[PDB]
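Note sheet for the following structure.
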Amino acid sequence: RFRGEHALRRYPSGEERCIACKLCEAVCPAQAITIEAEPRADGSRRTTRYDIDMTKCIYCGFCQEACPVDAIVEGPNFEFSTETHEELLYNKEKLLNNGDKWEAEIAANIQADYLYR
Amino acid sequence: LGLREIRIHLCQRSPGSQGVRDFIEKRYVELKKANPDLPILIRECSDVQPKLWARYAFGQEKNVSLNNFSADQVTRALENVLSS
Amino acid sequence: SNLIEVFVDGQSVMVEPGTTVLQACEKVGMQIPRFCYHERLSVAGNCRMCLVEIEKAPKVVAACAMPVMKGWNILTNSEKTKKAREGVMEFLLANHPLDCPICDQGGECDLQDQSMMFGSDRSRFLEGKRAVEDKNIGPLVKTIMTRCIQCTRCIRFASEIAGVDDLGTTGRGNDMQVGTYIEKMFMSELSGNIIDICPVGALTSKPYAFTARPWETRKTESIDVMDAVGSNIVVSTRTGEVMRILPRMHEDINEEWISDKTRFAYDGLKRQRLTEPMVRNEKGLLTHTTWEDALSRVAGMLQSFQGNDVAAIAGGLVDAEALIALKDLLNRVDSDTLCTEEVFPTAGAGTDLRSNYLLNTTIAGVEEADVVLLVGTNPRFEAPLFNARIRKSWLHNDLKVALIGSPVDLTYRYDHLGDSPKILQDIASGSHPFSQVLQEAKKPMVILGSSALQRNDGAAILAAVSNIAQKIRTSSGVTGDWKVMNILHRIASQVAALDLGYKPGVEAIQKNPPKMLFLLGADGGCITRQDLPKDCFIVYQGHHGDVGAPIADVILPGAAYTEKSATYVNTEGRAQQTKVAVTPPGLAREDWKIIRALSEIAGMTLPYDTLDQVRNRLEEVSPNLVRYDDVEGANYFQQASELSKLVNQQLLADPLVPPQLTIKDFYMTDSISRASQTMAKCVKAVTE
Amino acid sequence: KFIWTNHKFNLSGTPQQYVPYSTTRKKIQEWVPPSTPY
Amino acid sequence: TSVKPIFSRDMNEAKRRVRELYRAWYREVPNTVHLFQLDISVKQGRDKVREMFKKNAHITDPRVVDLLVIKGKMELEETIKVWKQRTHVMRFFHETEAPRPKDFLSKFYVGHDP
Amino acid sequence: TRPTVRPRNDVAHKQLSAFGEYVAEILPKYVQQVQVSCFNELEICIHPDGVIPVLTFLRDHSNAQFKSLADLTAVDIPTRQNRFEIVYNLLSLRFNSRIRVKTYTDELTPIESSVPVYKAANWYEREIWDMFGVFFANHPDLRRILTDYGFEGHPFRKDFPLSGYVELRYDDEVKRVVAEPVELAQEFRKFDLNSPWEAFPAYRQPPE
Amino acid sequence: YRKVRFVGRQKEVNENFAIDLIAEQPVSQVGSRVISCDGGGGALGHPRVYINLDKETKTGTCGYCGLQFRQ
Amino acid sequence: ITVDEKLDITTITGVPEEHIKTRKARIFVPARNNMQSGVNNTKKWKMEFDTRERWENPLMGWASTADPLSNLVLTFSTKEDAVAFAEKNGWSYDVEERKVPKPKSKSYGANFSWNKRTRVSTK
Amino acid sequence: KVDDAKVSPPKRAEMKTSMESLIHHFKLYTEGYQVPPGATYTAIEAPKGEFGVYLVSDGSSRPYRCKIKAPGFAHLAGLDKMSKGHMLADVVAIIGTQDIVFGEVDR
Ligand code: SF4
Ligand code: SF4
Ligand code: SF4
Ligand code: SF4
Ligand code: FES
Ligand SMILES: [Zn+2]
């Protein structure tokens, strides 16, 4: 149940599990989330901007315990330490990529812990 | 010019302006029957010191400030700026 | 006198004999839960949520529809009432799907602010959940009819205020539905105003659909200016962008309703907007430049001009602070010759105590009228909520309405009395009946529209209608004070414009060839370069580029109406100031400060700097404009009705046809209505 | 499915540094002037 | 006013107190300018002292001036000793700040009326 | 009623209804309101004329020891026509009892401080000066604790906004670390959270 | 205008897109009235929701489910 | 005692920097977010100050800003102490008015008529 | 957890099935609880002292004033009495006996 790097998950063959229900935003204590949504032309709503202020992020992890469709996951990898302040502000196209550098690391920890919570 | 326009102010109560409320009964129907060119103005309520304005000469204000007149004092004060 | 002390939870209060238990318990500062009830609607009872246990009775009654007898003990909190408010709001929370991640009323639904406070803790159902299908009605009402807890609230609104008989109830028992049986679209005036009434998130807005949740907005109250009756709105920002509006529910006008046009006209507000000063370049070329290029360009031209060579027009939607800095500039140079866009005939009066120029009856005094006669206008497709007050005051008592000229589709039982201008002359005599009833009424009401008055016989019908109007006033008049003759408008910045002392109707610019003009008209194309002399410059000052910015010399960016602390005048003379919610984009500035900034680069400099100092100047001309939201009792037109008798211009011969079409004229109206892609999206859906 | 080949790195400039940017739309859509003739 | 004062009674125990510590500042301005090892001219310091006292001269009520006396005296506690390490004394002078325009034509080219 | 509801008791609700009653009986000079909390707490509302002697009466007795000064706090309340609210909290050592002293005041009106009565108020009393400006009387050393040296705000009241005005920055223009007007990278988006429909029946206001 | 901040920084960008990846799914069919969608597995994924499939043989991906569902 | 009764309108200053004379406050009633019908959020006067510019922060598009106050709402009790707080610190303001609606006359049973017009159908 | 679920969130296997679970889940994170008014106070044994919290409640999801008392206010103002008459090398040996931690003197 160790916390760490943020990442986003998706369904079997890619679906963007996020539904942009904004609940992770309203419980972030540092307001590191900022989301602008829009009806995509297919009809189902998705995201346009998606931000995690990894500077401001105080790691209360409540985003992991607030999503109903279980989208955002604190991925257990402490690999970090870049060289600018201008880099750690994660946009969306880090996070889906960062959520897809691995999934079997993530998908086994949820599946061993979801019975408790 | 002189002049451009004049602005009548009054009040619906505080009965010092009853001379003006009489003046419309006396000289508004005949006062504008003569000179059908000058666009004189009437507004609603100053509620204290119902002044009477005049404005002309590259936009210069001229305010005669009636407080509480009689029915002829409002009739004679108007022709001072009107003839000039 | 005429009361019963009823001990609401053992505490006395005196109501009228014949009110409701709901209004009794709401008077002492309590809320019983409300689903099948609305104050601005009729009363049904088919949700059965208000259930109070009355004392000295084993049964439970509902507070919606029953009177109150001799003084009871309305036991609000009991050990049985909470066995009822838990009871009913366990059933209807079962046959319902698991939305609200995605339900767009997700921060204000009444299954979500009742269900924490009242009601149970868990569920025991435990499978079921019927699922009906949805459809589409118009391109405005996003439609999920699954949720639809059948509170019969949208259904009665078709028989209520909006008189379109379109909806119904299709089905029996568990399976009934709400939507129209056939695929007939539903769109008229007020047709987008149902999505406030639907108490759950089954109905919502189509353009707003998937944007943002309602706990992030900043509610700042303001006023809309797209009609002459004003509005009572509330905007909501996100990051300095406008999201949506809702009606602010003022009790005189905008009761719980709002104009259907103004609801979705905000789209073009941020669509096609000019942001920056664009230089002349000598051909039809027009490119941007420094803000301190085109100021000194026109500053030397001002001192070269003198006399009637320079003029201006203004008939759009601008405030009453930039219509004084213009006036204190062009009359400090002492060269007035200035007018508006709208065609209002002036023969005897209008500028001088104005005597009829506002809507004389209050909107609150409309319901006390008994016989209404109106000519020469379409009340449905200009001032839409005006017909809503007629519709409601046609109901709930007797009200008699006749009409002269061009039968259009009004909702209620009107009748075409006739169509000629000679009808207006013959009603001073005794002919074409009702004949006496306008005199033999107790609160008569005679309304003139500005669309027929725009014609060339305007000064003729101005004295023809007021002939029989004072004839009723010299009769009794009513009892009574009861001002009868009144008039309407359809441009917001006209009554505010004229009572500053402007002349109405384009005649002074229609006679001379002036050199430089100021455009605040501006899209109303009654003045072109065709009626102008040769290629001397005309300066545009505004916010959009529909008509008059291509035909221009130097354009000026400016804030529209949602960016400045403005001040407007309704059709009765109130002042309902708008306030700043979003600061304007580009290099545009506030439209009175630019004139003082243009004054200081010119010779003459105006003696007021801040917006308070503007209002000190606004005190000088007219003192009713700082009198907020009051209509004083002042008519004084015994004399002014006699003075228009000096003019005896005769009528014309033409059927009194309004510009308003079946529906289509309602959409493309002002400036933003043309620029809004939303109105263009729906107007192609009507002609199809 | 949608997973990478081998791995990557969290390096400072490889030359690549991910250089995070803005991902929205222009809102006001400023007006276009008409063309060169009058 | 049903309220007891702090030190003064009416305006005459007051106005002799604002004159009083003015001399304590006046011998302090040459004393600290070689102490905190900063380099301006010393007369600028004496101008800024009387700058501060003269600006608040629009008071016609006691115990507010007396409230500023407690504020004015507490300034000297850090000042006579060394409790402001070469920054807080420099904080009095808006030195590297860009100038405010304060002119109507100058405000109009830059800013949405700040 | 059930499990998972706090079991209240009546013994401590009895004696604390008993003990504090004859406190107002024996000093009807300063006491203006006494109330018993529904969970064994006591408030003794005192006009601040008797700021010293009532404490001095609770300083020593044979039926009330109360020599453990725990908590001096300060609570502002706008819309009261006398804003602030100094609230003590003291402890009886021999008796295991808590009682608070609520004394209102205003801004400019001083308060006779508790310096001879208690010597634990040495750093607590100065804090209200630094944060509000409530000038206590006759304190031997009034100074500046827990704030920076150049503030003029007394920040813990309500008109002081969330950030100050004093966002600090460095430049190499000469050596200095200079002040500047405040500039944020983000609004601190302020929400709107108060749901309607009045979840509480007991605290219902007088309906006017 | 903004194109100068990444010179020698190579613009690390995403490769796949879920803008349109629903459309490559074998759109399901049942021939019934109302179906559960606990897709992705039980107790994970999107919550249970019931859809009427009578009208142009489809459901509409349930919003939540995302997978094209029909008959 | 040293009571020394005197009179002055209490205008306090020195605690802010310059925004006394610059801004103008506003006292009004929040009135019924009309997506629903809960009337608990009446009965309390609030305040809000002037709104100034919100630009774009050219790295993300965040709503970074100047205008240092911009978020200050207090909870007042009534109209009486509404004015008395704006004058006690002393900057300019402007006051709205509380709107309470009609009582009003609503009665079921008159929705079934013999000759009247108040008659519902299709229920 | 506490079972009545106006305070505790419901379980994860519950907030994906029933209707009653989400409305008492989705609302419980937008706003918080519903706390009654009336002042309160308590303290417990911190391992270096008492721990005063005078939590003023107002009646909404957002609390009013929350003043804390931590040790070190008493435990270090009384360094004046404790120190004098002694050396300078004594003074550093004094401080590590009271066990004073900063950031905790922020009360
Ligand atoms: S984790 Fe939840 S709240 Fe956050 S973006 Fe995804 S669906 Fe929305
Ligand atoms: S990780 Fe922590 S700081 Fe970031 S959104 Fe989640 S709870 Fe907030
Ligand atoms: S739209 Fe839905 S909630 Fe509204 S009345 Fe119809 S069924 Fe009821
Ligand atoms: S409308 Fe009501 S029941 Fe439907 S999703 Fe929203 S809160 Fe839930
Ligand atoms: S509330 Fe409408 S019937 Fe009970
Ligand atoms: Zn599914």
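Using the numbering of Swiss-Prot, the residues shown for chain C are 29-716, in order.
Heads up, the Cβ atoms here are built off N, Cα and C, so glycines get one too.
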Among C:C131, C:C226, the candidate listed by Swiss-Prot alongside C:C176, C:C179, C:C182 for [4Fe-4S] cluster 2 is C:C226
Excluding its own, the Cβ atoms lying within 10 Å of the Cβ of C:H124 ([4Fe-4S] cluster 1 binding site) add up to 16
Once DSSP output is merged into helix, strand and coil, C:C176 ([4Fe-4S] cluster 2 binding site) belongs to coil
Note: in the chain of C:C78 ([2Fe-2S] cluster binding site), residues six or more apart in sequence with C-beta under 8 angstroms of its C-beta are C:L50, C:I60, C:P61, C:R62, C:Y65, C:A90, C:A91, C:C92
Counting across all protein chains, other CB atoms within 10 angstroms of the CB of C:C137 ([4Fe-4S] cluster 1 binding site) number 24
Smallest Cα-Cα separation from C:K84 (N6-acetyllysine) among the recorded positions C:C128, C:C131, C:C182, C:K709 is shown by C:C182
Ordered by sequence, the long-range same-chain Cβ contacts of C:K709 (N6-acetyllysine) under 8 Å (at least 6 apart) are C:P167
Rounded Cα distance in angstrom between C:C137 ([4Fe-4S] cluster 1 binding site) and C:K499 (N6-acetyllysine) is 55
Among the recorded positions C:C64, C:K84, C:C131, C:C182, the ones with a Cβ under 6 Å from any atom of ligand 3 are C:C182
Recorded positions C:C64, C:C75, C:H124, C:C128, C:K499 vs C:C182 ([4Fe-4S] cluster 2 binding site), shortest C-alpha separation belongs to C:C64
Quick note, C:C226 ([4Fe-4S] cluster 2 binding site) and C:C64 ([2Fe-2S] cluster binding site): C-alpha atoms separated, nearest Å, by 11
Students should find that the Cα atoms of C:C128 ([4Fe-4S] cluster 1 binding site) and C:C176 ([4Fe-4S] cluster 2 binding site) sit apart, in Å rounded to an integer, by 14
Those same-chain residues, other than C:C64, C:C75, C:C78, C:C92, found with Cβ within 8 Å of the centroid of the [2Fe-2S] cluster-site Cβ atoms are C:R62, C:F63, C:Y65, C:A72, C:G73, C:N74, C:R76, C:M77, C:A90, C:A91
Going by C-beta under 8 A and a gap of 6 or more residues, the same-chain neighbours of C:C131 ([4Fe-4S] cluster 1 binding site) are C:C137, C:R175, C:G229
Per the 10 Å Cα distance test against C:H124 ([4Fe-4S] cluster 1 binding site), the recorded positions C:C64, C:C75, C:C179, C:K499 reduce to none
